[PDB]
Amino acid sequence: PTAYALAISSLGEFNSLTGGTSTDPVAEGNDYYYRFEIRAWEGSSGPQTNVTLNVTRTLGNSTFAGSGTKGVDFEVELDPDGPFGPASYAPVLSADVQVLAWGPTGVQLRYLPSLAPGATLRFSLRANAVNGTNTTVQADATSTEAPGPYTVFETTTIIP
C-alpha cells in the first residue's frame, strides 16, 4: 500500500540547454548539459511538494557553470501529464524554481508548485568540461512526501 512515490532518471549529456543533440565525450573547454528527470508516480494520493533535484560532482574536474541563471545555466521543464498524455515539456516560470545552491561542484533546484501524480520535470544543467579524467555526478530527487533517497550517477568522458 503506497501513498506517494517519486523516481529519478538520467538522460545523459547534450550540447544545448534545450533541444540540440546529444554529446559525450566532450572536449575540455566546451560547455555541455546534463539532463535529469524527476517523475511523480501516477498512482500517488495527491500532488507532491518541494520536489527538489540535488546534483553533486563525485569524480572528475568539470564544473557547473555560471552563477545559476535560469535559461542559461539551468532549465526546468514540466510535462504536466508525463508519459500518460500528449502534453509536451515546456519551461516553467522563473518564480516556480528556487535555486537553493549553485556552484562549481554542486547545484540544488527546488520546484515550488506542487507536482501532480504522473507529471514529470526535466532539469537541464550547464557545466564546463575539464580534463582527461571522467566527470561523474550524483543526482538526487526528493519531495516532502517521498524523501527517497532516489539517486543516479551519470558519467562524462572529457577529452584533454
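Residue numbers run from 1 along the displayed sequence.
Participant: Are coordinates for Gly132 absent in a third or more of the other compared PDB entries?
Facilitator: Counting only entries that model residues on both sides, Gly132 is unresolved in at least a third of them.
Participant: Which is higher on average in the deposited entry, the C-alpha temperature factors of 33-41 or of 113-121?
Facilitator: Mean C-alpha B-factor is greater for 113-121.
Participant: Would you mind comparing 95-103 and 53-61 for me and telling me which has the higher average C-alpha temperature factor in the entry?
Facilitator: Looking at the recorded C-alpha B-factors, 95-103 comes out higher on average.
Participant: How does the C-alpha B factor of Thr135 compare with the rest of the chain: lowest, middle or highest third?
Facilitator: Lowest third.
Participant: Is the Cα B-factor recorded for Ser22 in the lowest, middle or highest third of its chain?
Facilitator: Ranked within chain, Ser22 CA B lands in the lowest tercile.
Participant: Can you tell me whether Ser143 has a C-alpha B-factor in the lowest, middle or highest third compared with the other modelled residues of the same chain?
Facilitator: It belongs to the middle third of the chain when residues are ordered by C-alpha B-factor.
Participant: Rank-wise, by C-alpha B-factor, drop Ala3 into the lowest, middle or highest third of its chain.
Facilitator: Top third by C-alpha B-factor.
Participant: Lowest, middle or highest third of the chain for the C-alpha temperature factor of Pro86?
Facilitator: Ranked within chain, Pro86 CA B lands in the middle tercile.
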